[PDB]
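Below is a structure I'd like to ask you about.
Which chain is which? They are A, B, C, D and E, in the order written, and residues in each are numbered from 1.
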Amino acid sequence: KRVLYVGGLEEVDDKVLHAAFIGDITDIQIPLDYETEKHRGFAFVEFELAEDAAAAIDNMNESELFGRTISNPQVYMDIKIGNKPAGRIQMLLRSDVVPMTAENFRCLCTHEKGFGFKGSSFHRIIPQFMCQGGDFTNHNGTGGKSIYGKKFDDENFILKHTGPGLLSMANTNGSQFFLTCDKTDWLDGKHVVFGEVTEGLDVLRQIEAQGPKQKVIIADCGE
Amino acid sequence: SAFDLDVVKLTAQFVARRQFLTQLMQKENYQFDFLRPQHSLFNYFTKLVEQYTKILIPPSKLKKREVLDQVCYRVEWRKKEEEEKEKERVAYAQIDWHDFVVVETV
Amino acid sequence: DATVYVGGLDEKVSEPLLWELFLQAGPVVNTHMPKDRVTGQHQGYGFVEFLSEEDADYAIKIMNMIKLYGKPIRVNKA
Amino acid sequence: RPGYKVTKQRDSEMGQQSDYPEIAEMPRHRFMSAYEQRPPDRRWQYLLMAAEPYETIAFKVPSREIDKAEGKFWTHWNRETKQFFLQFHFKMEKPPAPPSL
Amino acid sequence: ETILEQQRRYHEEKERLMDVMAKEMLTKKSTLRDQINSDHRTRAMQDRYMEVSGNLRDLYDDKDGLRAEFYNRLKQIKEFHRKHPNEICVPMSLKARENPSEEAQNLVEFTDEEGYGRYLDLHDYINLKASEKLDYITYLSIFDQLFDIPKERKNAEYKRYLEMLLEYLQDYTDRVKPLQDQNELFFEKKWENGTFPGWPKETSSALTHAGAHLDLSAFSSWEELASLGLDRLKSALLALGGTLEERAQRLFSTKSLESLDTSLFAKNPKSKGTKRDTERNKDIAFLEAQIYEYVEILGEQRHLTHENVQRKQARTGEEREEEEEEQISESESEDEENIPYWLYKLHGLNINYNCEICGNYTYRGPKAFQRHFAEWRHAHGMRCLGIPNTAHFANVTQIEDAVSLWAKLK
């Protein structure tokens, strides 16, 4: 119970969040108005009963040592349909089934390879079949490049697109990744399913309802 | 994994024949890592040590008719409930819940 | 499956445009995209009978990524 | 916390004898909102128990959390029909009294 | 050699042989109940199973389905019990191991055949589900152990015995119905007032072979039971018993003579009378006792064989042929159940043409035969040829055109 649930502080930064908590070891602020600060020690982790409602850039930030403000990597991409946000798809990319495609989706969300889903759009979206995007080269599913080159093989097809928010590596799998909102067992054996959005399944359903008639692009994304 | 299996069987025989496997890892490493609990082979090493201890306990014979009686005892020592749950889930969807007739209220 | 049922398109990506996309990606020996007796128009959702079962699988895998007449083309084994 | 129990009994072997186990095994109570109904009165929760032969009987609970038990069983994987019906209701088929607690 | 690890593997194999038979009993517990009901008529000291559970084929709560199959499962259980006792009798009478394991350690191979093989070869060969027997009894069949009339320990073949009795009597007055009535006596009826004499050369030569065949049929019917223990008990009962007693005739000798008293009956064997009979007819009396014990053990099987013979005698020709066909289908089955003509003339369709490349496929008309060279299975024909699907490969319809392929000229 060393992590906090500090909210009420997008204008804040990690240094401004950790300056009040300094010996904080972890400080990961969410894309919404929430952050979690964790101290390594035991006496320094009791900041909720010690510096609650602390002033963070002329704003009070109440700190509670809980997990109310919120392994397989989670590609958390605020997928925006058009100029408005269609929801934050926190697609838990299944590293237990397809770890290479899950790491490719997580790196495309985090934009650590120079290109990826942070800013790309899904130009191959079908109604309750597939929504394929992540290609940052041609922006149509006909470009894209994986970590091994332009084209990479699928890792494993142990998972299946059996429900909403299930993510697969679209194609042979380069930078193309497909989110599924329904059953896609007919395409099994060709696209390796590498995700299941426990959070952002409503965002995947909104992306499937919008898909393309609208520019469904995740401008903000990360791990 | 024949060499690892033979080394684990030798470590289990040295343990069940309780300080030799601990002394060998301290005296010499990666080959003597089967006694640690961080790996997943600790339950298999404990089962092999228990099998070696049960072999050394009777070191007697087994005179098991009696083998068929033991097979019947091991035979003697869900689906209807799942089918009833599926039928109830079909019936709750097939029954109209919009026709609410009030008898009591709370 | 000698035929790949290719759909996910519109009337602009018809049977003949599906034959053109077959000449692009993976060839279709015949086209089964019939219509009604009152309409008489190819919707494009038709069984392109390919050159082989592997050619129909190539239509189902490689050629099922086109934005055919604005919609994403999807071919299945038939 | 607060609990509401409705005990609805069937006929005493009067109309139930008219019979080849067609979904007999049980009545379950679902918490339905009153915003959609066959719908003049809304913003109300009703624990409605509907049977195959018998008609639906509803108990109107205006509380949003009225005996909403969470974590009652010790990890029992019995989905049945509804979570509230599986957790806080009983199916007494011998006395024909399916209670919705 | 690791004797302690070998004993641990033998104990693991004994536990796996117990568990594989437990899984077979949980799959079909009717065979165990039938074996217990058969052994209750032989050994009285053993406890009996539940009658309702044996009727419903259940052990505790779960009722198993009905499973030729019972005889095959009994033979596989007898083979598993023979393997388990042999592995028990085999085992009845560290640093150097760890250091030698590092030799030839650079081996790209998988070693997972230590203890799983004993369970895999004893689990009730087959790919997924083709045989209820294990890998050790996969070739076991009841056809080499039973005749067609018996049908996997369900009946007995008495027609050969009836014909042998008719040949011993040297006449044709013996019918099928009289032999089953005459053989029903075989406790002192068959020794003193039987159908044939006790020391006849024609009768006893067939009677010893009939007793051996009855003992073999009883062993085939109770192969799951303790056949050696039953033979030892039948020998010990004959050694203990003076068994044939009368009110006035007292005790008779199997000599075919009675004694005045039990004091004379014991002293008759020490004289020259009963000793010659015991020295020259010990095998005949032992065969008669074994035939009587086998008839008492399989008297329900003998009654079933007599009822089948009576049904075959009282049936018609078509009914007897249908009964023989049903008995053969039961015996030879597996254990576990699973346009005008001007179109035909003026189009070339009157002459049919076959193409050797497409598996020698025949098509009507020359147009379909020359349209083979652009096809699907015929393209697999050129794939089998190894020539690529070109115009030169299309120009030939035979298999020998593949020698002029792309790897012929350049």
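We adopt the following convention: a residue touches a chain if its C-beta (ideal position, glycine included) is under 8 Å from a C-beta of that chain, and two chains touch if they have at least 3 such contacts.
Chains that touch both chain B and chain C: E. In terms of Cα centroid distance from the overall Cα mean, chain B ranks first. Pairwise, the chains sharing the most contacting C-beta pairs are B-E.
Centroids built from CA atoms put chain E at 65 Å from chain A. Rounded to whole angstrom units, the spacing between the C-alpha centres of chain A and chain D is 40. Separating the CA-averaged centres of chain D and chain E is a span of 58 Å. Remark: chain A and chain C have CA centroids separated by 35 Å (rounded to whole angstrom). Shared interface positions of chain B, defined as residues touching 2 or more other chains, are absent.
Among all residues of chain C, none touch two or more other chains.
The residues of chain D never reach two or more other chains; the list is empty. Contacts between chains trace an open chain of neighbours here, each touching only the next in line.
Per the contact rule defined earlier, chains pair up in contact as A-C, B-D, B-E, C-E. Note for the complex: chain B touches chain E at residues 1-3, 5-7, 9-11, 13-14, 17, 20, 24, 31, 48, 51-52, 54-56, 59, 61-65, 67-68, 70-72, 74-77.
The touching residues of chain B, when paired with chain D in their complex, are 81, 84-85, 87-92, 95-106. On the side of chain A, the complex with chain C involves touching residues 123-126, 129-130, 132, 140-142, 171-172, 186, 190. Residue ranges of chain D in contact with chain B, taken from their complex: 4, 6, 8, 23, 25-26, 28, 30, 32, 34, 36-38, 46, 48, 50-52, 55-61, 66, 78-82. Note for the complex: chain E touches chain C at residues 376, 379.
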